[PDB]
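# Structural description and commentary
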Amino acid sequence: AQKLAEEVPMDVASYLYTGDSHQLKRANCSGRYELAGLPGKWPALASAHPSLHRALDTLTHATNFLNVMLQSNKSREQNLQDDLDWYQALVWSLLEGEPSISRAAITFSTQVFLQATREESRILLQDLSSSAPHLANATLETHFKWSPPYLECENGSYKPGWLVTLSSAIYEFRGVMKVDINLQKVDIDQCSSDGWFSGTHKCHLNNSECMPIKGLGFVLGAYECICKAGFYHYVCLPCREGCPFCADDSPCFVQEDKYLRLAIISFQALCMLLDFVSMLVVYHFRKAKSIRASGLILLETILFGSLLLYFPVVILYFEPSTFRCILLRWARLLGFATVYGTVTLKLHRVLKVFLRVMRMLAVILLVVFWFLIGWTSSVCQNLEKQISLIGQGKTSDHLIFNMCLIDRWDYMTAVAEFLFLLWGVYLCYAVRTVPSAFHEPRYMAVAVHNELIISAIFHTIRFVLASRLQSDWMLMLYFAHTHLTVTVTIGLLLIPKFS
Amino acid sequence: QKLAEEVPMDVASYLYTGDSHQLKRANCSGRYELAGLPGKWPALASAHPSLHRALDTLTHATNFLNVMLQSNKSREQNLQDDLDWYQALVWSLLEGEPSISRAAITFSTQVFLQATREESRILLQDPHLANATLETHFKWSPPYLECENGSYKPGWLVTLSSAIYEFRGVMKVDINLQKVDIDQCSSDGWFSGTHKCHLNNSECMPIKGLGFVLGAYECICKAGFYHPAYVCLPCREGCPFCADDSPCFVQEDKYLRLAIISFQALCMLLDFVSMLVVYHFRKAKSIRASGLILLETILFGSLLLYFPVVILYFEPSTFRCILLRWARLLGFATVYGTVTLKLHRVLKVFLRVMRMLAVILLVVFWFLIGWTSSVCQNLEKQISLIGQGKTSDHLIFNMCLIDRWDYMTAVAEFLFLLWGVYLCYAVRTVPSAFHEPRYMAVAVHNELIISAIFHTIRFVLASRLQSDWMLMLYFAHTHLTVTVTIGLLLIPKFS
């Protein structure tokens, strides 16, 4: 909030405050004290580096000692002979204790003053008021008195150190003691809650975090903004998708040949439309030798089942959800039933006549619905929200991909399909020479064996290696599998009834 | 360790250093002062800032005297007017901090001055430390109790000592270390040991109040409870919060459980000898209606159907619940299937069944295999277990759990018996040699009603059923249903 004000009230110091480099500041011509009154905070009585605290502690003891000596009975005011020696020793003592105090001075008038500075390694002293002198300010107040940040000027040359005046009254006021703490080698944290001008004006919220350096100098721009799960290119930005550790801002999710996806879905919808078209057609041709050999209801049922079996191809095109996988199972399972049950049930009707199918079908769908209702409940109730989840993102050893998962339930269902087809294989093997005007049983058995073999292969391939199948190979596998099986099973039962 | 050595070198102070009650100490007459020589450490720690403040005020006053007396033109007409300066010097040495009791400086440049915060007015007036200073920077001391024409004075003092320049001076502050809390269970603090609290099963937990006093800690025993000196106890079998050290694994009568198992095994043996008898009477006029293979099939199903009453008598495990499911399901099938199918044969003749039975057995084995696999493969090790713990009022009990699979199973049994019901209602006017359909239908209706009631009561409130009530319920259900179903088909074939 003051970053703009700080960038419009400095010329030589401006660079020095942001870089620590004395080489510009030493060439800048000075005219008076170059301190800052407003850019800083309220005060440094709480949040301050240890040095400052010690600096104040020194003055405190030196102020209490003088106060008690000035408030003692029969105050002599014999400042001529040896009082000046006491005060000079009291000032050299004031300096000698803290390792971060650069000048110190004492002055009073009731007309002399002494000061000292840490010159090279020893204390230089002089008989002249030198350093801090808030006497004019203390008199105007007439306790403690701090000051702002300020650069000292020596022989018309901006000093290369940031000083602070501390001032305290001597007791009515009649003295001003002042230490000039050298605040040049102090730490400052713009990311701290309550401290020296806590302004972290470089990284606010978006993938932001301030982890600053410990030992740098009384200088700013020393706080490495951290990219909280994002890209690091002294700037933080967002990442392509749900893929953290963006060592590059490149993508993690595999690509999709959409050109190959739209053809897939379009051909599937074409086949579904043609199936519905076939159902209407058979509803038109109800007086031919269709009805006599194979009832209309059974054929419309087969076609509705096949329509109910194309669903997986379109379910897999969309993004994997947890409502989808379930519908994938319902469709597959229920259509298999309503299609091959009546297929083999029709064969059963034949073998029985050689020596009433809907009642003997609804048993199948009842068992099916019972199993489905159970599976769905066990998933939705316990293993969808509590611990387990179907939708799983697996890695291809360098890239990820989502998919529906499999479970033992699928293994046993495939086995059921196998055995249910086994009954039809033996049934078809039995009726190998039964009188027929249209030879339907021949085509039925072909469909049955096709489904059995093709389904075994597909299920094996699906359950072996589902950890390394991206979302464009499974689509092709489900498409080539369903097209072969179902389209053959439809043609073999429909085609011959028009010729 | 030095806890035993600290409890063998005290008389009155020992109790005054653990309670902090001046009322005993003030009655104990003492010649001179005494201090705890053994302070299990030295005076160079950062436990309280007070000591830091009183070292700061001492080092700041010692830095002045050492830089004044040793400065240039130090002529030192020491008796004329310097005394005024030194008096202001010592008076201000204790008029800066809040906890410093006496302060004094001695010099030969003998001369000495002192000042003490008496009540609220700091009076200003005109040994070991000075002697050790002559013998020998900063020089601290240990914890020590003062006393003079008093008793052992009721205050813990510390001597701070320094020198000037050689050794021509001795300034001392007596920091009042009486209002300084101590952590007996700190990693680094004064008296940092363990009076009588073993961490094997417990944790200290210090407080923030009182004053310097040993035994200022309330120990906490984890995985157990304390005596209601405070020390720890190993808790009861598998019960982590023992408000009492009483047991949680609820009382279970044995002279009921034994009778139950006895009666069940008696019925099994009676069922087995019911099988052998049938195998003796392979020749009769009764079996022509109800074949031999059908009855032995019913009796073997019944025999295994009894299993649930004996499984629950044992401690429940993961292998147990699974066999409970298998047995119940498998036996229901192999009995009521052939029952219902005999009625079907009757109705069809009115206008073998082993081949029309293995279908059901196949469907059952298929579901069982799947259920067992999904259980043992996923939800037995990952996050999920069969062992479930419920509570009756405020007390626990172990048992097997249920899952939606059981509800759907019950529905299947219902529907299978509704087929039997219709099949029984269709055949209500046939002639017969033994009126078997009459008793069969009686068994079916009974099975349906009792089966519905039991499964409902079983699912509704299984979280509040201690492990002696479920056994009684299984006893009642299985005895009623199965024993009726056996009698109604067997009994009439001997009369």
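Calculation criteria
- As drawn, each chain counts its residues from 1 in written sequence order, possibly unlike the entry's numbers, and residues without coordinates are not displayed.
- To read the labels, note that chains go from A and ligands from 1, taken in the order they are written.
- Computation of side-chain values covers all heavy atoms of the structure but excludes hydrogens and water.
- Residues with missing side-chain atoms are left out of burial classes, side-chain pairs and their counts.
- For helices the rule is a DSSP run of H or I covering at least 4 residues; for strands it is a run of E covering at least 2, with both sets numbered from the N terminus onward.
- Each radius of gyration reported is based on C-alpha atoms, and the globular scaling rule is 2.2 Å times the count of residues to the power 0.38.
- Contact definition: two residues touch when any of their heavy atoms are within 4.5 Å.
- Ten residue types, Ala, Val, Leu, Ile, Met, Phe, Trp, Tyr, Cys and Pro, are classed as nonpolar, four, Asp, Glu, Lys and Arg, as charged, and the remainder, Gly among them, as polar.
- Two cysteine sulfur atoms make up a disulfide if the distance between them is within 2.5 Å.
- One requirement defines pairing of two strands: DSSP has to find at least two bridges between them.

Determination of this PDB entry was carried out by cryo-EM to a resolution of 3.52 Å, according to the record.

## Examining the overall build of chain A
Tallying secondary structure elements over chain A gives 15 helices and eleven strands in all. Against the compact-globule benchmark of 23 Å for 499 residues, chain A has a radius of gyration of 47 Å, which places it well outside the compact range. Taken over the C-alpha atoms alone, chain A extends approximately 145 × 50 × 35 Å along its principal axes.

## Some words on the interface of chain A and chain B
Each partner contributes residues to the interface: chain A has 30 residues there, and chain B has 34 residues. Broken down by secondary-structure element, the contributors of at least two residues to the side of chain A that touches chain B are α4 (50–70), α5 (83–96), α12 (359–382) and α13 (408–430) of chain A. Among the elements that line the side of chain A that touches chain B, the one with the most residues is α12 of chain A, at eight residues. Split by residue class, the side of chain A that touches chain B holds 17 nonpolar, nine polar and four charged.

## Observations regarding the state of the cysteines
All names here are of chain A. The disulfide partner of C227 is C236, and the S-S distance across this bridge is 2.0 Å. Taking the sign of the S-S torsion, -85° for the link of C227 and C236, the bridge is left-handed. Disulfide pairing places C325 opposite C404 at an S-S distance of 2.0 Å. Between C325 and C404 the disulfide shows an S-S torsion of about -85°. By sign, it is left-handed. The connectivity of the disulfides in chain B is 1-3, 2-4, 5-6, 7-9, 8-10, 11-12, where the numbers refer to bonded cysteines in sequence order.

## Re the environment of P206 of chain B
Relative to the assigned elements, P206 of chain B resides in the loop between β7 (202–203) and β8 (220–221). Remark: the alpha-carbon pair of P206 of chain B and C185 of chain B, spanning 21 residues in sequence, is separated by 7.3 Å.

## As for the pairing of strand β7 (residues 175–182) of chain A
Residues and elements named next belong to chain A. Both strand β1 (residues 101–108) and β7 contribute to a ladder of six bridges, which runs antiparallel. Within the sheet, the bridge partner assigned to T107 lies in β7 and is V176. Bridge count between strand β6 (residues 158–170) and β7: eight bridges; the pairing is antiparallel. Across the sheet, the residue bridging to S168 is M177, located in β7.

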